[PDB]
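This report refers to the structure that appears directly beneath it.
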Amino acid sequence: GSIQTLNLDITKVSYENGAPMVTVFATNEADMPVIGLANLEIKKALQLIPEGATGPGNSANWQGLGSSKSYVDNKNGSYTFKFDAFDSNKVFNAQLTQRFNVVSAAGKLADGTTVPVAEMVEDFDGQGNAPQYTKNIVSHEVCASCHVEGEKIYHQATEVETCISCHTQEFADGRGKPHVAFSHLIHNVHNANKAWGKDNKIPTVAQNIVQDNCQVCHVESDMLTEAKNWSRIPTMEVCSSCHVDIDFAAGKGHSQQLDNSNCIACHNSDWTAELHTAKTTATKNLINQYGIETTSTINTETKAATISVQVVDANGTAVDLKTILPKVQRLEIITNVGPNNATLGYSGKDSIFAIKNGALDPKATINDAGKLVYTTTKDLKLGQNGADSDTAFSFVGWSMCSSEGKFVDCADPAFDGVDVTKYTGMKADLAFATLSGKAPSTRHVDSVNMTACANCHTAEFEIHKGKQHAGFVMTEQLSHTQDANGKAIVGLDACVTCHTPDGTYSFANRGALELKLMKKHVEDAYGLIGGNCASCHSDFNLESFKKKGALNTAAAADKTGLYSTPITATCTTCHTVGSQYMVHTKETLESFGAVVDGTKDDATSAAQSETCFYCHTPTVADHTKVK
Ligand code: HEC
Ligand code: HEC
Ligand code: HEC
Ligand code: HEC
Ligand code: HEC
Ligand code: HEC
Ligand code: HEC
Ligand code: HEC
Ligand code: HEC
Ligand code: HEC
Ligand SMILES: [Ca+2]
Ligand SMILES: [Ca+2]
Ligand SMILES: [Ca+2]
Ligand SMILES: [Ca+2]
């Protein structure tokens, strides 16, 4: 017995006896009543002091009325709370909005049914009817974009409304610590201008992901009537969380301000909203001005691929590349072979900067039809490694010079791409060709897609933008399949051009795509993701292992490549052999048909000999599952 989702509703609030009696109804995912909850609580009872009541320009704030763990299980899915010590401070005012924060701890019913954590708030007037006014600015869903839903965010709770219900102005005032008010703390912990906590943690990682982008948490909503407070209610307490060098009292960094009375007079909502979103809005507009449509064909005689790039405008109308060449900062074409198991490795792949700072490479031309045309020079070894090796796949990344939200001429032929304020990564593309002229093979894209990446990195993520690459913006341009609802899947299959089974530039980096994303995020995003496979995966495509060969897993002493059988390679990214993270010894893994950091030939020969999935039945919900 296990409940998937515990739903909680406050269905009745009665003040007929003085302190409120609060009834909560608990249901599961099938809307069935949940009887026997042992850890249900009113974590906070609050009332809302309205905007400006504590002084001109000041925020609304949640005044404390107490808490209760005293309830009766009514044996029908409902639970009725009483307060032993309601409103200890004697501040209860029936003219104010009343809030209850209800939490149910993860654990078990008597029958031993597992129950997950649940949290909610609901607001009422002072007689238990619907409320007359609210402070509804954000909703828990925005935090779940980046923080694993149902797990504690830092401490105490899993949903932002619970945080807000404890980290009040009254709480911060009572501790003599303005910074622990939630409206200060939330921006402070994602912004690197000052450290937080006893340890002076500098939020470097949070700053690099959030980038002060208000729209990752402040989202327009009909369900949130105070959503525009982020631009409409400027206060020194909140604005100082990132603007840490102003002293309003002393007029240092700013004209003196002794209260919040005049902030809105100068800091109008339009200006605050525009200035903090201007750069991301401008970049997004630049990215959406142009597209590319890419084709590739194989010469049946020479077995070279010819890649043709059509620039298009926002409407999909042809643009002759000659008209914008002076503003093309880079265009790169990377070609590999065998989309399900790349065969050329990193050193064998075909690659070219066809354009650099307005200059065509001599190997690339613009034809009379205004398309860029480039022919591979590397041996593509088409057809030399089974049916999959009939297909060449070419990834096109490009960038355009830009300044303050406008495209500009690339004025410097040697511009090295380090200063990312001087150009924009544009929409990348993927083109398939076959030697045989049959339909191309394509990689599966049904287990991970760019929608997952975009939850943390935004849809405008210019991947690898800098000295080495133009910046790859991943969109429906390189979609070749739809999901069961007919939505275009934006896959990471193009990334395999470089993220090959042989790795990237070094054999030591687990460069294979099957290893690299999981390696990077277990090392650098563990605080957000940990073991949460669902942060990237809708599914595991375990059938894909039947199309894989050896995967590079290490470098030998002499810098040559060591390889594992593919399931072992994939699991050992996190579960390092010989470490505290892997019970199976090397000898045991070999007993299950694996090659562990051996030769490419031994790993290739054994690649379909692994018995792992006889015992292991991993799902995204539980990757650890065994018979
Ligand atoms: C992605 C765009 C994010 C959204 C939306 C939110 N958070 Fe976040 N948070 C994010 C990162 C990358 C980090 C740094 C993690 C690290 O390992 O350093 C954080 C950090 C926090 C913290 C600090 C605790 C810590 O883990 O360092 C807290 C308390 C926090 N975040 C809370 C939080 C809440 C309540 C959000 C919804 C309003 C929220 N975050 C959104 C990335 C993102
Ligand atoms: C009371 C019931 C709490 C709830 C719910 C949450 N937090 Fe909390 N938090 C609480 C206390 C008593 C303290 C210590 C404050 C102090 O005096 O120093 C904290 C501290 C934090 C901090 C550290 C803040 C800083 O040092 O600048 C963070 C980052 C924090 N809390 C985050 C947080 C989040 C995201 C919550 C919802 C998931 C949350 N807290 C709930 C008490 C309470
Ligand atoms: C999530 C990580 C956030 C980002 C990024 C930004 N804000 Fe935010 N803000 C967030 C929360 C959870 C809250 C508390 C809401 C509540 O119900 O208490 C806020 C609050 C503000 C406020 C206070 C509004 C008020 O009524 O006093 C302002 C003025 C505010 N936020 C502004 C703001 C701006 C300008 C940001 C981009 C630079 C921004 N926020 C980012 C969560 C997050
Ligand atoms: C961190 C999440 C921030 C919060 C909260 C606030 N601001 Fe901010 N502000 C932030 C950044 C990263 C920048 C630079 C923006 C850019 O792209 O140029 C700003 C800038 C300002 C400015 C203009 C710069 C100046 O020198 O005046 C103003 C006037 C400004 N911010 C005001 C402001 C107000 C009134 C806030 C509370 C509502 C506020 N900011 C919060 C980051 C963050
Ligand atoms: C008009 C007379 C003002 C009043 C009243 C307040 N502020 Fe202000 N502020 C004003 C200007 C002209 C600027 C510089 C704008 C620019 O783009 O250069 C500012 C700047 C800020 C900033 C940003 C500081 C920085 O980035 O260096 C913040 C965070 C800020 N102001 C907040 C603020 C608050 C909270 C106020 C009421 C207490 C307030 N300001 C009053 C003009 C005026
Ligand atoms: C939030 C839970 C994340 C999801 C989902 C994905 N990524 Fe991520 N990524 C995340 C963090 C916290 C970091 C480290 C940031 C730091 O400052 O250290 C990363 C790092 C990357 C990098 C490195 C480049 C960078 O811009 O920092 C890349 C290239 C990257 N991530 C790509 C990426 C892709 C393609 C994803 C979908 C498979 C993906 N990430 C998911 C947080 C999160
Ligand atoms: C060749 C032109 C490449 C293409 C196309 C892509 N990547 Fe890459 N990536 C490349 C190298 C040479 C390296 C460094 C060596 C290494 O293997 O680590 C990388 C690195 C990454 C990383 C690690 C963090 C980082 O350095 O940014 C990640 C998470 C990564 N690459 C992801 C990735 C994705 C999602 C791609 C398709 C959108 C992609 N890369 C393409 C070389 C090349
Ligand atoms: C985003 C940062 C990821 C997280 C978190 C996890 N995985 Fe992953 N995984 C990711 C990518 C980009 C790929 C490559 C897809 C490709 O086309 O090669 C993978 C691949 C796997 C595979 C191979 C089978 C497949 O579905 O493609 C397995 C078995 C796999 N990943 C397992 C796995 C587990 C168990 C995770 C949680 C502990 C996990 N992944 C997280 C990106 C990310
Ligand atoms: C990093 C993205 C991971 C990859 C890739 C895989 N696993 Fe994993 N696994 C991971 C974590 C963070 C944890 C929790 C560790 C803990 O605290 O216990 C796990 C756990 C397991 C377990 C249960 C633990 C045990 O001692 O057996 C199993 C059985 C397990 N993982 C299996 C497994 C398999 C078969 C994988 C390849 C398909 C695999 N994991 C990849 C993180 C990651
Ligand atoms: C049945 C006879 C098994 C075969 C065949 C393989 N594994 Fe296994 N594995 C098995 C058990 C009972 C456990 C422990 C489960 C638990 O919850 O404790 C495991 C564990 C792993 C783990 C997790 C390791 C850790 O966290 O310490 C991984 C990554 C793992 N196994 C991988 C794996 C691979 C790659 C195999 C084929 C070569 C393989 N296992 C075979 C049972 C069995
Ligand atoms: Ca209700
Ligand atoms: Ca909830
Ligand atoms: Ca900070
Ligand atoms: Ca295309």
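Residues are referred to by chain and number: the chain letter is A, B, ... according to the order shown in the structure tokens, the number counts from 1 in that chain, and ligands are numbered separately from 1 in the order shown.
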
Which chains and residue numbers are within 8 Å of ligand 7, counting only C-alpha atoms and all ligand atoms, if I want them as a ChimeraX atom specification? /A:332,334,346,351,395,397,463-464,469,472-474,492-499,503-506,509-513,516-521

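Around ligand 12, using only C-alpha atoms and all ligand atoms and a cut-off of 6 Å, the residues in contact are residues 118, 119 and 120 of chain A.
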
Could you turn the residues from that selection into a file that holds C-alpha atoms, as an mmCIF file, in the first residue's frame?
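Written file, part.cif:
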data_model
loop_
_atom_site.group_PDB
_atom_site.id
_atom_site.type_symbol
_atom_site.label_atom_id
_atom_site.label_comp_id
_atom_site.auth_asym_id
_atom_site.auth_seq_id
_atom_site.Cartn_x
_atom_site.Cartn_y
_atom_site.Cartn_z
ATOM 1 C CA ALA A 118 2.038 17.404 1.874
ATOM 2 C CA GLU A 119 1.928 21.158 2.624
ATOM 3 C CA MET A 120 -0.587 23.915 1.826
#

How close does chain A get to ligand 4? List, as a tab-separated table, each residue of chain A within 8 Å, its nearest atom pair and the distance in Å to one decimal, counting only C-alpha atoms and all ligand atoms.
residue	atom	partner	partner_atom_place_in_ligand_line	distance
A:184	CA	ligand 4	5 (C)	7.8
A:187	CA	ligand 4	2 (C)	4.9
A:188	CA	ligand 4	1 (C)	7.4
A:190	CA	ligand 4	2 (C)	7.1
A:191	CA	ligand 4	1 (C)	6.0
A:211	CA	ligand 4	12 (C)	7.2
A:212	CA	ligand 4	2 (C)	4.2
A:213	CA	ligand 4	2 (C)	6.8
A:214	CA	ligand 4	2 (C)	6.5
A:230	CA	ligand 4	38 (C)	6.0
A:231	CA	ligand 4	38 (C)	5.6
A:232	CA	ligand 4	38 (C)	7.5
A:233	CA	ligand 4	38 (C)	6.3
A:234	CA	ligand 4	38 (C)	3.9
A:235	CA	ligand 4	37 (C)	6.1
A:236	CA	ligand 4	37 (C)	7.2
A:238	CA	ligand 4	37 (C)	5.8
A:239	CA	ligand 4	37 (C)	3.4
A:240	CA	ligand 4	41 (C)	6.9
A:241	CA	ligand 4	5 (C)	5.6
A:242	CA	ligand 4	1 (C)	4.3
A:243	CA	ligand 4	7 (N)	6.2
A:263	CA	ligand 4	35 (C)	7.2
A:267	CA	ligand 4	35 (C)	5.7
A:271	CA	ligand 4	29 (C)	7.8
A:272	CA	ligand 4	32 (C)	6.0
A:275	CA	ligand 4	15 (C)	6.3
A:276	CA	ligand 4	15 (C)	5.3
A:277	CA	ligand 4	17 (O)	7.2
A:278	CA	ligand 4	17 (O)	6.5
A:279	CA	ligand 4	17 (O)	5.6

Distance of atom CA of residue A:210 from atom 39 (C, counted along the ligand's line) of ligand 1, expressed in Å to one decimal place: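 Pair atom 39 (C, counted along the ligand's line) of ligand 1 / atom CA of residue A:210 returns 9.1 Å.
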
Please return, as a PyMOL selection string, all residues of stretch 409-600 of chain A that DSSP assigns to helix (DSSP H, G or I) on the basis of the backbone. chain A and resi 420-422+450-457+476-478+493-497+513-524+533-535+542-547+566-572+586-591+600

What is the distance, in Å and to one decimal place, between atom 5 (C, counted along the ligand's line) of ligand 3 and atom CA of residue A:172? 21.0 Å

Contacts of residue A:201 at 12 Å (only C-alpha atoms; same-chain gap of 5+ positions) as a PyMOL selection string: chain A and resi 188-196+206

Find the residues near ligand 2. Use a cut-off of 7 Å, count only C-alpha atoms and all ligand atoms, and write them as a short mmCIF file (atom, residue, chain, number, x, y, z; two decimals) with C-alpha atoms, in the first residue's frame.
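Output contents, as saved in result_6.cif:
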data_model
loop_
_atom_site.label_atom_id
_atom_site.label_comp_id
_atom_site.auth_asym_id
_atom_site.auth_seq_id
_atom_site.Cartn_x
_atom_site.Cartn_y
_atom_site.Cartn_z
CA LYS A 152 13.17 19.94 1.54
CA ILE A 153 14.53 23.16 -0.01
CA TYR A 154 17.51 23.84 2.34
CA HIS A 155 15.50 22.92 5.51
CA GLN A 156 12.09 22.69 7.33
CA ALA A 157 9.72 22.32 4.33
CA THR A 158 9.20 21.52 0.61
CA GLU A 159 6.83 24.37 -0.53
CA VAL A 160 7.63 28.15 -0.59
CA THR A 162 5.55 27.19 4.25
CA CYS A 163 8.89 29.15 4.17
CA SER A 165 4.64 31.48 6.73
CA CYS A 166 7.63 31.14 9.18
CA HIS A 167 10.20 33.66 7.75
CA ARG A 175 15.45 37.90 16.18
CA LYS A 177 17.85 39.96 11.90
CA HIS A 179 17.91 39.53 6.49
CA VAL A 180 15.97 36.38 7.63
CA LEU A 185 16.53 35.89 2.22
CA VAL A 189 20.61 33.10 -1.31
CA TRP A 196 24.82 34.26 3.72
CA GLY A 197 24.90 32.11 6.89
CA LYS A 198 27.56 31.60 9.62
#

Using DSSP on the backbone coordinates, identify the residues of stretch 381-548 of chain A assigned to strand (DSSP E or B); present them as an MDAnalysis selection string. chainID A and resid 391:403 406:407 423:427 429:434 448 463 465 469 472:473 482 488 500 503 537

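Distances from A:40, A:6, A:612, A:328 to ligand 8 were compared using only C-alpha atoms and all ligand atoms, and the smallest one belongs to A:612.
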
Produce a table with one row for each residue of stretch 397-501 of chain A that has an atom at most 10 Å from any atom of stretch 297-316 of chain A, each row naming the nearest atom pair and its distance in Å at one decimal; use only C-alpha atoms; arrange rows by chain and rising residue number; format as a Markdown table.
| residue | atom | partner | partner_atom | distance |
| --- | --- | --- | --- | --- |
| A:429 | CA | A:309 | CA | 9.1 |
| A:431 | CA | A:307 | CA | 7.8 |
| A:432 | CA | A:297 | CA | 7.8 |
| A:433 | CA | A:297 | CA | 5.0 |
| A:434 | CA | A:298 | CA | 6.2 |
| A:435 | CA | A:298 | CA | 5.5 |
| A:436 | CA | A:300 | CA | 7.5 |
| A:437 | CA | A:298 | CA | 8.1 |

Could you tell me, counting only C-alpha atoms and all ligand atoms, which protein and nucleic acid residues lie no more than 6 Å from ligand 14, written as a list in words?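 Final answer, ordered by chain and number: residues 293, 294, 429, 430, 477 and 478 of chain A.
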
Go ahead and save the picked residues with N, CA, C and O atoms, as a PDB file, in the first residue's frame.
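Written output follows (part.pdb):
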ATOM      1  N   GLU A 293      17.746  26.512 -41.849  1.00  0.00           N
ATOM      2  CA  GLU A 293      17.236  25.220 -42.367  1.00  0.00           C
ATOM      3  C   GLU A 293      18.387  24.567 -43.113  1.00  0.00           C
ATOM      4  O   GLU A 293      18.939  25.216 -44.018  1.00  0.00           O
ATOM      5  N   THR A 294      18.751  23.355 -42.689  1.00  0.00           N
ATOM      6  CA  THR A 294      20.006  22.700 -43.085  1.00  0.00           C
ATOM      7  C   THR A 294      19.671  21.404 -43.809  1.00  0.00           C
ATOM      8  O   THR A 294      18.777  20.700 -43.359  1.00  0.00           O
ATOM      9  N   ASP A 429      21.162  23.707 -35.686  1.00  0.00           N
ATOM     10  CA  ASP A 429      20.407  22.805 -36.583  1.00  0.00           C
ATOM     11  C   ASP A 429      21.139  21.476 -36.728  1.00  0.00           C
ATOM     12  O   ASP A 429      22.309  21.391 -36.385  1.00  0.00           O
ATOM     13  N   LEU A 430      20.408  20.483 -37.202  1.00  0.00           N
ATOM     14  CA  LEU A 430      20.848  19.088 -37.341  1.00  0.00           C
ATOM     15  C   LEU A 430      20.367  18.576 -38.697  1.00  0.00           C
ATOM     16  O   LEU A 430      19.175  18.724 -39.006  1.00  0.00           O
ATOM     17  N   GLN A 477      13.995  23.562 -34.509  1.00  0.00           N
ATOM     18  CA  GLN A 477      14.766  23.473 -35.785  1.00  0.00           C
ATOM     19  C   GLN A 477      15.369  22.069 -35.953  1.00  0.00           C
ATOM     20  O   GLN A 477      15.417  21.574 -37.087  1.00  0.00           O
ATOM     21  N   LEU A 478      15.818  21.435 -34.879  1.00  0.00           N
ATOM     22  CA  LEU A 478      16.509  20.118 -34.987  1.00  0.00           C
ATOM     23  C   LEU A 478      15.649  18.998 -34.402  1.00  0.00           C
ATOM     24  O   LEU A 478      16.182  17.910 -34.174  1.00  0.00           O
TER      25      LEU A 478
END

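Nearest residue to residue A:257 among A:29, A:237, A:409, A:171 is A:237, counting only C-alpha atoms.
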